[PDB]
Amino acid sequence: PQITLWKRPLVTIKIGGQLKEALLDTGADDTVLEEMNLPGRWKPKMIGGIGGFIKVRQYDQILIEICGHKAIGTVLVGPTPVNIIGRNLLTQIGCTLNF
């Protein structure tokens, strides 16, 4: 669909079998979700944002559905203020910006 930006671009995602709300974020290289239990192995990682660096759990090759579009890729889990879908998954669902 065509999503305008007068409101935050929030969508429903399905991950690890559960529904969550997340922000489509073209300024995020990577997808970062709030603390959650995810099955699978993970490794410690660091990511930086506007205010500094945080510690996250990096889960590779995770299935995630974004408005009924399937993606499989890296998901970082940590103390982000909001669930954000980054370019690593936006590219998989074919998202582009247009003006």
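All residue numbers are counted from 1 along the displayed sequence. We call the rigid core whatever largest set of C-alpha positions still superposes within 1.5 Å between the two forms.
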{"query": "67 to 75 against 37 to 45 - segment lying farther from this form in 9 other deposited structures of this protein (CA RMS, rigid core fit)", "finding": "37 to 45"}
{"query": "55 to 63 set against 33 to 41, stretch whose average Cα temperature factor tops the other in the entry", "finding": "33 to 41"}
{"query": "Of 15 to 23 and 75 to 83, the one with larger mean CA B-factor", "finding": "15 to 23"}
{"query": "Lowest, middle or highest third - CA B-factor, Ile93", "finding": "lowest"}
{"query": "Chain-relative CA temperature factor third for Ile50", "finding": "middle"}
